[PDB]
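Next comes just one chain, in structure tokens: the form deposited without the named molecule.
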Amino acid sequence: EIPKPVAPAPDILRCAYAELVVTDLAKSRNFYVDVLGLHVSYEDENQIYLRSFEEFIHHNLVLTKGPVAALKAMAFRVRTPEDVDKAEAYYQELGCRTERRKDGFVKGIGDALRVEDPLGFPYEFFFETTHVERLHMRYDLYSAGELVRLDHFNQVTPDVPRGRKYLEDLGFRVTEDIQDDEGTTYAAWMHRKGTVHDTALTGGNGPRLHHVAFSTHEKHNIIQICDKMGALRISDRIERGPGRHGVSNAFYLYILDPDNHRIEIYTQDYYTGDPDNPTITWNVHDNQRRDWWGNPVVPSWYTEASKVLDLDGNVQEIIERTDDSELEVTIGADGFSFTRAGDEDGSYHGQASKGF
């Protein structure tokens, strides 16, 4: 269990960007800029800085050329400069390794703190950032599948209750989760900005980054991305969806970039800003909890996730999840799921829904 520090927690505003190491910068560029239409804030032979349509801070994604594809940093912007200090004292009290550069680790970012948090994830906290032209009304640049905002991250970690508690102490509030009757927690969504989540914990071997998610204005914007991937003959890069999530109620799509980093295009979840926002708990066996329409969750979604780096550039060692696997308890040979609780009709046993 992770202790609650005496030091006051920093006031986190929202997830702001992620820095991903990629192996071939040109292929990645083609995927992110040519296929997805993200806007370049800056680029050189080692990195590409990307921002979504409505963003004003410098970037929501940093592609960094490297030998091994992995997550290098997931960054949260804090409310004031002083919160960067509060973050430094907070993680030191927790005994975590931290590093601080008064002029940032990446272009366009100012004073920043990076840490190997208790779950082994490289987190960044910063306030100062370079403002860039906010393209929210540049309709002459609007593509049919325009990505408008960065919305959340999703982390794969072994013990969800352990991570939940630590993030709750950090100020994130849980909006939805998934449990079973034997007391096992499989996943939790937590927020800071007022949407369903800024980050989430998915139970599994970790530390690993499950995905980064961007949102679109409307559902047809997500449909366009699939259509365009079909036209480009890269539909094998569409991993799952599109669909309507049960948890978070958002319309979604998961695709894979050149190095297998998973990207989620998401839209239309609901407001959670009120402090007494009602928490929704879903049963792991409810076949409408992940996909509201009952579609099977592809197995690679549960098994495949990106590696993460420590502050030295090395890949973090992966810890095995000891609790029940969501995949095993639902689509494994000894798992089951239902459409209607207690109704054998429309339920599945040791088999995925829809005949697979």
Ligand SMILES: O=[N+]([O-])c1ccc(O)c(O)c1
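Numbering starts at 1 and runs along the sequence shown.
From this point on, the text means the form solved in complex with the named molecule, which you will not see here.
Novice: Applying a 4.5 Å heavy atom distance criterion, does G246 contact the named molecule in the deposited bound form?
Specialist: Result yes; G246 sits at the interface with the named molecule in the deposited bound form.
Novice: Can you tell me whether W301 touches the named molecule? I mean in the deposited bound form, with a 4.5 angstroms heavy atom cut-off.
Specialist: Although the named molecule is absent here, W301 would touch it in the deposited bound form, with heavy atoms inside 4.5 Å.
Novice: Test of understanding: in the deposited bound form, would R290 fall inside 4.5 Å of the named molecule by heavy atoms?
Specialist: Flag for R290 set to yes.
Novice: Considering non-hydrogen atoms and a 4.5 Å limit, does the named molecule approach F214 in the deposited bound form?
Specialist: Close contact is absent here: in the deposited bound form, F214 is far from the named molecule, nothing within 4.5 Å, heavy atoms only.
Novice: Could you check which residue among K72, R164, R240, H261 gets a heavy atom within 4.5 Å of the named molecule in the deposited bound form?
Specialist: Selected residue: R240.
Novice: Identify, from the list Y254, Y123, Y90, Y186, the residue with a heavy atom within 4.5 Å of the named molecule in the deposited bound form.
Specialist: So the residue touching the named molecule in the deposited bound form, by this definition, is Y254.
Novice: Can you pick the stretch from 262-270, 102-110, 218-226, 82-90 whose heavy atoms fall within 4.5 Å of the named molecule in the deposited bound form?
Specialist: Comparing against the named molecule in the deposited bound form, the contact stretch is 262-270.
Novice: Can you name the residues of 132-171 that have a non-hydrogen atom within 4.5 angstroms of the named molecule in the deposited bound form?
Specialist: The stretch 132-171, when checked against the named molecule in the deposited bound form, contributes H152, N154 at the 4.5 Å heavy-atom cut-off.
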